[PDB]
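Next up is one chain by itself, shown in structure tokens, the form deposited in one PDB entry.
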């Protein structure tokens, strides 16, 4: 049957969710491959095409049975409820989502809009109103929905409709908030010293972009046909105000080196597997 397929995924990291207060002109969610100059935007296509179509995009959660998220999509052809709906011409069955903004609901707002979604979703298929019992149960699956909803991760859902007749919804990979503390861009600004003894144990003052003291690591490594890794040693007290890490370097694997060796080091969040660009450190005999 006709199916929709995502041809260019949204970029997983690097994009920021904006609050209402910020404005509408803040930059559209870019494709999974958008380096300098060549920028891409999420794109999908209806394959084995049947009848001029329609594609709708909305924000779902990260958890599995996809449910609508408190966040809303904003911008180019976006409805006041966070639904993006476009028409995919008779012949060209591909839609490029040029300008997708992600609206960040405040916690003192979630409850309200979560209910407006569930009402809109409930009085959707079935009839028009909600009796008092019905409006009470709504505020529970929004109170207990709040408690489990991750406001820093959303997924894009593409629901296509042939002229309406629904094609199975296709969900994209997760999109993380680049402003949220735990999904910020990792960067090594400056480093104290870039050389030390092979024994390791040299104290280093690395200045970096915000990190969370209990979710950050300084990984030293080298990549030949084998590979080696070690981690700078420090305590949570050593991460100064989220923007600096004071640590002792780890030992190199061979102690008996006759010449100085240069290895790579990067910041890494224990959980995410996310890393910073790499800097270098040289071990001395």
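Numbering follows the first chain given and starts at 1.
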Ranked by mean Cα B-factor in the entry, 204 to 212 and 179 to 187, top stretch is 179 to 187
Ranked by mean Cα B-factor in the entry, 73 to 81 and 98 to 106, top stretch is 73 to 81
Per the entry's Cα B factor values, which of 219, 248, 36, 240 stands out as the maximum?
36
Among 91, 117, 193, 155 - the residue whose C-alpha B-factor is largest in the record:
91
Among modelled residues of the same chain, the CA temperature factor third for residue 12:
middle
Would you mind checking where the Cα B-factor of residue 56 ranks among the modelled residues of its chain, as the lowest, middle or highest third?
middle
Can you work out whether the C-alpha temperature factor of residue 236 puts it in the lowest, middle or highest third of the chain?
middle
CA B-factor ranking of residue 197, expressed as a third of its chain
lowest
For residue 277, the third of its chain by CA B-factor is the lowest
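As for the form deposited in another entry, it is not shown, yet the points below apply to it.
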Answer yes if residue 217 and residue 147 are in one rigid part between the shown form and the other one, otherwise no.
no
